[PDB]
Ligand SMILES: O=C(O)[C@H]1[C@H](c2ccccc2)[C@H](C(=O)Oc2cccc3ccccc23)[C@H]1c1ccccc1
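Only one chain is shown below, in structure tokens, and it's the form solved without the named molecule.
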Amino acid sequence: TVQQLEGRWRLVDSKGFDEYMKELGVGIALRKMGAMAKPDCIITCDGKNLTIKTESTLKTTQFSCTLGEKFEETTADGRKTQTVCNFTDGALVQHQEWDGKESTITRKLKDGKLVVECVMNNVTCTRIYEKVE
């Protein structure tokens, strides 16, 4: 089930991500950092607490997301979000709530790559991450 999404997952593609970091609320130096750093997303499960480490070549953030429940996330930029995390047989939706504003992060398995299709409301990013094993 969720162990199809586990491992070190290394960033290659990020189409839509300039427009999505603009619509989130990300400053221009943080937008340059997030695009140039090239993140490795490391997923590993205890049961409901799913450990997600973002290793980028510039900044870093690590969190255990409670699967079928909300938690307080702190973003790599600075914003803090009330985040409900749900796996629907293939797709992990991380639903990020702050100040009446949602960001929806759909991490799903396509051809042995973790394809992260995010949407704020209208504005999207499609990020392709490859398995390091």
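For every residue, the number given is its place in the sequence shown, counted from 1.
This next part talks about the form deposited with the named molecule bound, which is not shown.
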Task: Pocket accessibility after superposing the named molecule in the deposited complex (3+ atoms within 2.4 Å of backbone/C-beta) - done: blocked
Open item on the list: My question is simply whether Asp77 lines the interface with the named molecule in the deposited complex - judged by any non-hydrogen atom within 4.5 Å.
Closed with: yes
Open item on the list: Can you work out whether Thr83 and the named molecule are in contact in the deposited complex, taking contact to mean some heavy atom pair no more than 4.5 Å apart?
Closed with: no
Task: Touches the named molecule in the deposited complex: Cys45 (any heavy atom, 4.5 Å) - done: no
TODO: Tell me, yes or no, whether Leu30 is in contact with the named molecule in the deposited complex, where a contact means a heavy atom of each within 4.5 Å.
DONE: yes
Open item on the list: Please identify the residue among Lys108, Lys70, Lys59, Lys101 with any heavy atom within 4.5 Å of the named molecule in the deposited complex.
Closed with: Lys59
